[PDB]
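The residues making up each chain are set out below.
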Amino acid sequence: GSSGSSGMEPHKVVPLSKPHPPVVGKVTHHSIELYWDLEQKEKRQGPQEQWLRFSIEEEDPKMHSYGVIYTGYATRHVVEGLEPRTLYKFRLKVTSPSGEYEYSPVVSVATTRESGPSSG
């Protein structure tokens, strides 16, 4: 789609840059591995309290709505409970230690096909 217009600007204030999309390492037909440790690379300058928050969400094909599947400071995440040969969209959100916050570009990923059980 070609939609994106806004006529509002922050007064004497500048928001933080937009976060990058999370990468997909391990791909299972029952789950999906995710790791966005490519943004908060910079040393952990200061105490843990001086860290940024990372909230992950997912869109619903039936509810056409998003839902925070994960919320924390971790850089990795694995969407549990998935189906084989199924696509899933996830958005990475971040909020500066001051208040500002941005959103990452939706990342659609399709799991793998059912191979077999684990215990054998």
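Draft legend 1. Representation of the pairing of strand β6 (residues 87-95) in the model. Examined bridge by bridge, strand β3 (residues 53-59) and β6 share six bridges and lie antiparallel to one another. Looking at the pairing, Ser55 lines up with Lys93 of β6. Inspection of the sheet shows β6 paired to strand β8 (residues 107-110) by four bridges, in the antiparallel sense. Looking at β8, one finds that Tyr88 is bridged to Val109.

Draft legend 2. Structural detail: the side chain of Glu57. Along the polypeptide, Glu57 turns up in strand β3. Judged by its relative accessible area of 9%, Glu57 is buried. Contacts of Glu57, omitting those with residues within four sequence positions, involve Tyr66, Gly67, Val68, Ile69, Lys89, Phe90, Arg91, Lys93 and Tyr103.

Draft legend 3. The side chain of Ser55, seen in detail. Tracing the chain through its elements places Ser55 in strand β3. Within the structure, the side chain of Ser55 is placed 3.3 Å from the side chain of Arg53, a separation counted as a polar contact.

Draft legend 4. Region of interest: the sheet that holds strand β2 (residues 31-35). Taken in spatial order, the three strands of this open sheet run β1-β2-β5, and their pairing is antiparallel. Two strands close off the open sheet at either side, each with one partner strand: β1 (27-28) and β5 (76-80). Across five bridges, the pairing between β2 and β5 is antiparallel. When the bridges of β5 are listed, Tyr35 appears paired with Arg76.

Draft legend 5. Structural context of unusual backbone geometry. Of note in this structure, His64 is not a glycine but carries a positive phi near 35°. Following the sequence through the fold, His64 ends up in the loop between β3 and β4 (66-72). The backbone of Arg85 shows a phi angle near 60°, a positive value even though the residue is not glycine. The residue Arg85 is located in the loop between β5 and β6 in this model.

Criteria and cut-off values
- Residues numbered from 1 in each chain as written, not as in the entry; some residues may be left out.
- Heavy atoms only, no water.
- Pairing = 2+ DSSP bridges.
- Helix = DSSP H or I, 4+ residues; strand = E, 2+ residues; numbered from the N terminus.
- Buried < 20%, exposed > 50% of the residue type's maximum accessible area, 1.4 Å probe, protein only.
- Contact = heavy atoms within 4.5 Å.
- Polar contact = N/O pair within 3.5 Å; in protein donor to acceptor, adjacent residues only side chain to side chain.

Any functional reading would require information beyond the geometric quantities listed.
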